[PDB]
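Every number for a ligand or one of its atoms is a count from 1 in the order of the listing. Atoms considered below: every heavy atom in the structure, side chains included; atoms not considered: hydrogens, waters and symmetry mates. Residues: numbered from 1 along the sequence shown.
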Amino acid sequence: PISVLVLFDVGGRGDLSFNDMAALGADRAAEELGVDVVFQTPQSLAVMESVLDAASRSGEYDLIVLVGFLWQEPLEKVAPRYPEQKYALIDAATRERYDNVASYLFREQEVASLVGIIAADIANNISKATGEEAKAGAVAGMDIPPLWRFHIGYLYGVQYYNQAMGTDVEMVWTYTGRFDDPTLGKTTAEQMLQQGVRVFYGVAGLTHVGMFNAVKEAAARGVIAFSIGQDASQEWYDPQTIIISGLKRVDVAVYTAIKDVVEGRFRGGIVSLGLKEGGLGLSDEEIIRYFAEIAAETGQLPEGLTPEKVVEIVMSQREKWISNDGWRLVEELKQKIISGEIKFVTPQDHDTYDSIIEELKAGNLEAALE
Ligand SMILES: Nc1ncnc2c1ncn2[C@@H]1O[C@H](CO)[C@@H](O)[C@H]1O
């Protein structure tokens, strides 16, 4: 039949996040379209190029699916050596343009900005109900382009909220440097708790499962704090504290790239995905229950909890801790974005990214746009 290699960056499955999303798209293609999928996880960064070269060399795969930005460097080198080997790069796009490479990029600014508004609002409500100061936050993985877009969008969204509302909610963003270190994710979060961070956006793959656990042990100590999921809806992991999730439809990327090949309509080039296409979004009722169903039938849903009970609890907390102004502002930005009235800039260098943040920290929001 048709044969696909899914080639992870760092972690592999068990994410609850980025890669498990990617596998889901591949798993759906195996069953619906009848293809053979092989997964594979390099044990080092050093070896990525050799491994990518050997799989192309093998002639066994109609498509090689590359899950993560870190594949961009090795692919730029390998792709031209095997021009009849088809590749899908997920969450990144190659510097040059090849016929044998379909890139799937997301516009993370779009969804993170919506999240920024929400977290600023939840932190505002925490402060208003408690009288103690509550910051927004994020525990991030590696310092790389997609996370630049998250960062920019998240800060944008917080400042937007602040300006539209006369609040001065602060935001603390920490790169941990790894996507596969839950323990480091937890210690990072525990430090942040003691610097007043109370709302925690997870932008670090597996790493921010530790973040989730840090916010649980805080809630257990009586402290009012909340987490925000990314990639999949992760509310099911602990719904009392995981109030919402930014969605990134990596599964649709992978599934679309595999379908295209199955129907001989593959073609090289960039495919950009944001709110307009369904590629990004926020976690709603059905999406929450869907992933909860998955974890239920996976036996990794926590004790004494069903998919239906998970939804009831999240909706309960969104009634309690997200004001209507939060939603009004979400909707007012979501619509300025879809309409084209707003479009973010994709930072070229690290130096450009760094100065967009200086400007957003200064309340100059227009720096992030065109
Ligand atoms: N294994 C990984 N390799 C590269 N990037 C990742 C990985 N896991 C997560 N990410 C990035 O971090 C974000 C937050 O989990 C994801 O949307 C993705 O952009």
Identity and separation of the nearest protein heavy atom to atom 13 (C) of ligand 1: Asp231 OD2, 3.8 Å
Charged N-O contact under 4.0 Å between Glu108 and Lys248: yes
Note: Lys336-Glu332 ion pair, threshold 4.0 Å (strictly below): no
Distance-only N or O hit between ligand 1 and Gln230, under 3.5 Å: no
Which residue and heavy atom of the protein sit nearest atom 19 (O) of ligand 1, plus the separation: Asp91 OD2, 2.8 Å
Option set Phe179, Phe150, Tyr201, criterion heavy-atom distance to atom 11 (C) of ligand 1, minimum: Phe179
Pairwise side-chain contact, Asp260 with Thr256, heavy-atom cut-off 4.5 Å (strictly under): yes
Ion pair check, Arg107 and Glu277, cut-off under 4.0 Å: yes
Sub-3.5 Å N/O-N/O distance, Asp15 and ligand 1: no
Heteroatom proximity flag, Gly68 to ligand 1, N/O under 3.5 Å: no
Protein residue, atom and distance nearest to atom 7 (C) of ligand 1, heavy-atom basis: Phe18 CD2, 3.4 Å
Geometric class of the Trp321/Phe226 ring pair [parallel <30°, tilted 30-60°, perpendicular >60°]: tilted
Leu247, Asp9, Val67: member with heavy atom nearest to atom 3 (N) of ligand 1: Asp9
Residue-ligand contact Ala204/ligand 1, heavy atom below 4.0 Å: yes
